[PDB]
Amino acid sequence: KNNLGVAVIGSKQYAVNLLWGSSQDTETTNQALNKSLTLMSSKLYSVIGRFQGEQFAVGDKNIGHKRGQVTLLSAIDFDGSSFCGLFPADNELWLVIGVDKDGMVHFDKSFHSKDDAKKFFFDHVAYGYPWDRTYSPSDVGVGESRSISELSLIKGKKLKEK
């Protein structure tokens, strides 16, 4: 077990690197979530609602996820504009996130290595969707250099168990 799934931003701790999904077709959110929990042999989850619909996150206890942790992506406000970014957390962890025009989480990844995070960002995130906004450190030069702490937050949703 490691702690790759827990990021520190200021005085707050957040669950990161969760498996996000939403139902499709005639599948309900509840069915999609339970299918994901079964597939991952996990009991940790969180359902978050957005205007365009709902989605869920499945946690991984092997990387430190535990009931009660607020998921970072649920805490980041969505105002109708999509965004992605490479961000350093306060605890030696790098985060790569991405939310689409409908508020659906496309990316929620954490890395202990900046190089791995940068590589993931460039290979799959930065140019994988028409983001309204893109953030990354100055030495990266993609989009604007902003810290996670500079993003607008709301009360997040905590991981529930079972």
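Residue numbers here begin at 1 and follow the sequence given.
As the entry records it, the average C-alpha temperature factor is higher for 131-139, out of 131-139 and 58-66. In this PDB entry, the Cα temperature factor of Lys109 sits in the bottom third of its chain's modelled residues, the lowest group. Among the modelled residues of its chain, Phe51 has a C-alpha B-factor that falls in the highest third, as given in the PDB entry.
In the deposited entry, the Cα temperature factor of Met40 sits in the top third of values across the chain's modelled residues. Remark: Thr29 belongs to the lowest third of its chain, ranked by C-alpha B-factor as recorded. In the PDB entry, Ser22 places in the middle third of its chain by CA B-factor.
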